[PDB]
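Before any comments, here is the structure.
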4 protein chains.
Amino acid sequence: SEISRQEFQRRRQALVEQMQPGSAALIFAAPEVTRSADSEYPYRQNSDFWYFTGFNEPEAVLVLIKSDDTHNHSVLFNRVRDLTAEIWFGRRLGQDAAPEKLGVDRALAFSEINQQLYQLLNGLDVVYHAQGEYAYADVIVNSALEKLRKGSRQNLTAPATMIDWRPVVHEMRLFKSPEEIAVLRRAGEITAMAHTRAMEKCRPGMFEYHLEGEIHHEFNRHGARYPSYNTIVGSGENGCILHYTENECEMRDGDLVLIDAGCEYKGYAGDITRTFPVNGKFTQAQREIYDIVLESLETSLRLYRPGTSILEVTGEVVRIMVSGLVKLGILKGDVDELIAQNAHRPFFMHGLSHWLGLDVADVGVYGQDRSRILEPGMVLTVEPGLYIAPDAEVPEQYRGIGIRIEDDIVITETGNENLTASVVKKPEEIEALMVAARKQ
Amino acid sequence: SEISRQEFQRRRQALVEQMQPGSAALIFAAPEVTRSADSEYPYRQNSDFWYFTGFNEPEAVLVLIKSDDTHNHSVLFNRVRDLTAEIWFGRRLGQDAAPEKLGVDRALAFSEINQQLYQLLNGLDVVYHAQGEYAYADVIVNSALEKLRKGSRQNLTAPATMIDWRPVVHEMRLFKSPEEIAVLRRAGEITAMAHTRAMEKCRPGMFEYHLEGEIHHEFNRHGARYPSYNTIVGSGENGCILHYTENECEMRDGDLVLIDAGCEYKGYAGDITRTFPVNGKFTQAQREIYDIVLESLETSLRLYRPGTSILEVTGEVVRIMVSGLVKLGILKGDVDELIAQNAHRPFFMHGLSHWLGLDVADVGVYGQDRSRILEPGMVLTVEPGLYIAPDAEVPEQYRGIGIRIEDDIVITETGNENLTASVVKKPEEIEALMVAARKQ
Amino acid sequence: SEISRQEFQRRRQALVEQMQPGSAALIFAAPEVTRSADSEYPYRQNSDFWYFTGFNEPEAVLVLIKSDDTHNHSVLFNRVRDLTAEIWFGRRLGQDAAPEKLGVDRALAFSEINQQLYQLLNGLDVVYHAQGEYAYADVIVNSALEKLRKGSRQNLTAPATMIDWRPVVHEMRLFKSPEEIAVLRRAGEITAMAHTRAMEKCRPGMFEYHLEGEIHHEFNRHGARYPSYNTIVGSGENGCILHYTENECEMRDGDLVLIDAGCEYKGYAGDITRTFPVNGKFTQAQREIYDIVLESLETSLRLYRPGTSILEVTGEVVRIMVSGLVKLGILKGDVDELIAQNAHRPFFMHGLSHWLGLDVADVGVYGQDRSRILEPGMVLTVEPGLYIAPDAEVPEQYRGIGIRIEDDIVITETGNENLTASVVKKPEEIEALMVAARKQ
Amino acid sequence: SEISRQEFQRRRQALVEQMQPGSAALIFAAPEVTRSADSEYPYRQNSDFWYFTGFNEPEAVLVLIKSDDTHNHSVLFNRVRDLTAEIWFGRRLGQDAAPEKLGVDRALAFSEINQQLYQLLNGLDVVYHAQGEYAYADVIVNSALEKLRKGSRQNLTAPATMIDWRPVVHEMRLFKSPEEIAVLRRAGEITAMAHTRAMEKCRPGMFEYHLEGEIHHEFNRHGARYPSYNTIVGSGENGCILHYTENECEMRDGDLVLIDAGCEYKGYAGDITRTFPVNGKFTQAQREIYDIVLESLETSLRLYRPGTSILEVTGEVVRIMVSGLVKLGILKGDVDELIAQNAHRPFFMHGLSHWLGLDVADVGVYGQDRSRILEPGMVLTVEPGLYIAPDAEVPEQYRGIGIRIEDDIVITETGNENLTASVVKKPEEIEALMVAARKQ
Ligand SMILES: [Cl-]
Ligand SMILES: [Cl-]
Ligand SMILES: [Cl-]
Ligand SMILES: [Cl-]
Ligand SMILES: [Mn+2]
Ligand SMILES: [Mn+2]
Ligand SMILES: [Mn+2]
Ligand SMILES: [Mn+2]
Ligand SMILES: [Mn+2]
Ligand SMILES: [Mn+2]
Ligand SMILES: [Mn+2]
Ligand SMILES: [Mn+2]
């Protein structure tokens, strides 16, 4: 599953539909990024630029011109064909091939952007520009507008109105097409296979980074070359650090390991967390905490649907957590009073859910306290956790346990679809999986 | 093998030895780098900062103060301990533990750098600063000097002399310690194992990126989490693109595949290229080009020693290449005249060798045309190649063949040591390896 | 005559009337400007900021908030009262006194602008900001918007729309109130007195700068402390340089002197040019050129009225000039053909008229080729000139003559009012004035 | 008196003498400065650039190249001749005429600076650059060094050492040549004539700015077109504000007026303060304060000589002030104890002396607490004052009196020469001068 040229075109048209007549929208590619000295990190296109193009080159700018309510057209600035640069560094789309390949009306050399952009903006009323997104983009836009402002003797005029297109575009991204959902479904499947693999490979004495290796290899084999975020493999006390990415420790017999890892497939993020015993068997204490987190996730999966909210479902999770922690003696007091005091917060200190898409922590308005009413097409994670610090004032057997369990879902007309349920999470199923692997 | 605290300390002392009395050297950590939106790329420390610290955090600055010819001391600015930031994002060394851990005299919070740096520079004659390396560093240094310049009424004075320490430090890095050579030897071994694996796994129908996956997994399993540069897997015509990193094509029965890949192990780069038949058997045409590149490499490995140069060895390679290309009818004319015309350049268009170390294309002065006389302790690659474009005006059977073969060596008292000879390169040995793998 | 608090308030209200509901307009003061080292030039307030405040301090920002269509209010950020800074550098208005003094609703310390501005913009739909006017202003505005964009978890939201208020405000400035016209009338009178003085003082052997001295002294004595632009005193060949401000030469018996000088009175510019003989008597050649320029000015003054344009009146001037130059043998050919060839341009190379107000070359849209139809309330200069270079291919007696004659006018319902006719320009009147002065 | 080409050349050579072999010094002109919109302030050349050139254009850079200990040469970058730009804006020196006019070896177009500067710096060991003086200069220098650093394949090398030339040049400026002293002597005479004029013109009912007008006119008539700093005319309570420049008040019968004003003559500053009765007669209270300030100045003028210091002479002044204030009941207690408590500071809160030269507050190292030992050739002001605030807790008759009296001196072998004693300061002489003027 992928996103095709015609869909990128529909998206451009949908933006144009929302634009004022006599306007242009400017969407800039990501800069290349230094890793060390003359070596660069593998290129990652800006998500918004990608959303409108599927074009994976730097030094590119998409310009959507809405001349009036019936007439509009698109211009791409992109790197020129150049035999020598291409022999050295890779093929470039160039100007001749871009209109057919991408479905844009015209293509111009990026080297000419300062000579040409002001001409495209001249006489327009509105420019849509994500001011502050990139310095290099701001320089180009500001220079063009300055030429126009100062060019009255050449009969030039600048658009006086600049609108940030990010709110409009991010609202677009928040609601996935069926094609996007298909891509995300595949990202979920790939990511789940990687997590299953990690559980089947994990043995005491392996390093945390070994599981990262297994996961990344599995992503790659299905054509997801890169993770969507830096893989977290937190064993023992490291599981209590939320974005632990050092992954440097030897995994101990008797500890849990928390793996938060997700692929990037055709630009879209998977995002799964599973926590499991390094030795394949939960201790009683580990199981007692695990059961609370799992009940939290299972209840959330039953509840998530159009018409509820992240805030509302979070309330149910908080009650499950406080109730369970009281039962174990980690919290003490009346459940309702403890809920009113947000007494869970030392142990569950992050959000239950974030949007998911071209970014793992995806764009889109949540509403105050994530109260926005859910609707079909929204894609989000569900990631309850409990983290009991090594020095927590709690019964000793619970100290140093960090557990999170995370699935990716899409809101549907009738509830939700779980994209990541193909990797097990019931503790008996985790144990069975690991027992079977450990016998081989 | 690794680099220890005491070696980082020796390096600091060696720099101090070269500094003027009444001076301070300022060495800044790399900034964190955005991948997309709120996600960052895995952190890569600045090589020079790493060279003097082995410290893998951002927002850190090493200050070496040489008060006079006998008295000197070190101050580290680094991120403070903070419970909440650490629960979220990972452990921090902090100020209390840094002096013992890193072997620095004093540690201060990075948040206080603007309040403290000018006080350390006050009254000194010279500041050593890599101006232009990082914007954030320049801002900090310029602000401190400005406070001093403008602070005469507070009895403050700025050092009037600013010296770029990069030439001195890069000359240090150019000559490896035995401990560095041991690390590089391990990087070579790890990298060679990965290349052997790629040859043993490669089958027609696999994608180029599948071999990247095998390689990266092998790096990881030996504790080299990241590659030292973006992996190149160029099959068929893609082999004729030097830094081809798309790795997106299905590998065809009958094509060669060129793999240029290297691990990063304790900060140090491996860097190997092997080219081999996708189907395990060189065609006659492929073998004829391969033999010339291999002879070029083998001769270079015999010749590299103290007292010669990259330029001198390159001359021998150019003769081998021109001679071989004349024999095959790719070039036509007198060998000596063709050499004088640099007639090889359409087919071998890059350098034979680069320095290797904390950066894959390592720091250090080459001399004009890479004429610098080689000495023991220098580490460099040897990477002849021939690239015959799909549309080259040559006998048709050679079109679309890209071959490079690359080893990493260290110059010794008696010649050189090859760090990467544990992955095969003789064509009969490549074929034997692949035949054996293909039977399993 | 001056501009009062109530008028500044009317202007603010007129801007608010044009703003969208749910918006704020930000108007920034001019920065102080270095002359040399620690000395600054005399402060000149930004014209737009002045237009809305009459407030002559730096580090000030006017914020007009239009909450909805009935409710609006104003906030001034300005420098705090500070005993020590004031003993040293001068009195400051401060926050307590500003609301009554300026007629703003609230005043806050400029030192708090970053802590407060984002709070004022939070939740608004539109921000009006002159992007690119001042770097320091852009930094403040961009920082506020960034805080809002990134502050969703604190329930903050940025206005997505930024509108340049300069076109609206400049259109306001283009049409003067009766009170503005009274101020400009006084500026014209002061400026005319200065020019009369220069003619009465001028003698061969005086330096060009001596006339500058007389002029500036006259401005000062009427309470116009500063000129509105750098005074031009171009004698002989220097008269052929349009913005000659060196004023360094000894004025020669037999040369003309061209003086272009204007006061700044309560923020408003006078702008007069007179050219006259250094020795009090035009030569025949000087008179012949002078007569053409004077006829050009006199005709323009008869013609300027509502319903014509600068372009239209310029056409009449071009015919007068070409006709006169043909008569003298400076141009050769058919007048209509010469007009069609713009043959006047080597000798009259600048515009006939510019707008006049808070800036000497005042703000406001001219239309293509200055074709905008004139309306009552517009204020403009009328400044024909002829400049015959020392090496021009013309009858020798005309070489090195530079003549311009410039008056300031206001368009009225019935034509125009000349604000600067109280300094003579008829050649016989110039000669009479100078003869009378030279006898004293 | 002026500074000639040969002296500018001697200065360049004196700098070169102090430079390391294999180095270049870069001295940049001041940028033009906006007053409002398209109008600029009158150009003021950077003092250091002026010191080495006497060249009054922007977009100019002096480059002094010291190839080795015997060979050196100079290159000027400056604006090209351009007929059209010159007709519009003024004559330019250009490249052809600059070598002879300025005594530099070569001149190049400023438009070519980026193409040429790196070529001049290539292979040098040291660059002398005033980092942070001007943004535009830093951009040019940083760009050149970056080209060199990155140009090893083009056999380019950057100087690794950057030295701020300001300390060396400012030490040069601190010691005046006889020719500089002659210019400063004339500046003192011009400035004194202006102050005499102000005293002779002052009448109750005139505005403070009227005296500014008289002063500026007098500067101009002697060929000092501009003041060296913004003129201060502080009458009554305004005299208690140190840099009062509003000069907006009507001068009252019975008040003092303090005038601090100085011309700029051939780049050099005069700097005189005189305080006198608006009505020509000191009141008893005014005289009592005046006498203390005058005794302070007269004693300072007797004492200033080689071998003492500003700090030492200040001690004598503090004793005079404390003694006098005790006598009048403004201070109460033991004189020595009051001195130890710095009890004078509420009334005399500024320094007695600053260096004087191309800047009014001239460059040069003062030493801690201005303790540097004075030597012949140093030029400084002597400016005791007493300022009794309107609300001071002192006998009522002294409230609102601000008095300063300031002369400019040059340290000589035998003491000092007073450059400004030609304007009176003894109270009986002030009264006589004013009485005589008031009778006319
Ligand atoms: Cl391009
Ligand atoms: Cl910190
Ligand atoms: Cl403030
Ligand atoms: Cl130029
Ligand atoms: Mn998540
Ligand atoms: Mn996650
Ligand atoms: Mn290599
Ligand atoms: Mn390589
Ligand atoms: Mn004008
Ligand atoms: Mn004018
Ligand atoms: Mn002074
Ligand atoms: Mn003074």
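A note on names: the letters A, B, ... follow the listed sequences, proteins ahead of strands, and every chain is numbered from 1. Whatever order the structure lists them in is the order used to number ligands and atoms, beginning at 1.
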Is a donor from one side chain sitting under 3.5 angstrom from an acceptor on the other, for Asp260(A) and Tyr229(A)? yes

Smallest heavy-atom separation, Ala60(D) atom then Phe55(D) atom, equals CB-CE2, 3.8 Å

Is it true that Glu298(A) and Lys426(A) have a side-chain N and a carboxylate O under 4.0 angstrom from each other? yes

Report for the Mn ion (ligand 5), protein N, O or S closer than 2.8 Å, by chain and number, lists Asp271(A) OD2, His354(A) NE2, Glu383(A) OE2, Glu406(A) OE2

Under 4.0 Å between a side-chain nitrogen and a carboxylate oxygen: does that hold for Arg79(B) and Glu32(B)? yes

Basic-acidic side-chain contact under 4.0 Å: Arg92(D), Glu59(D): no

Geometric cation-pi criterion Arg274(A) and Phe276(A), 6.0 Å radius, 45° cone: no

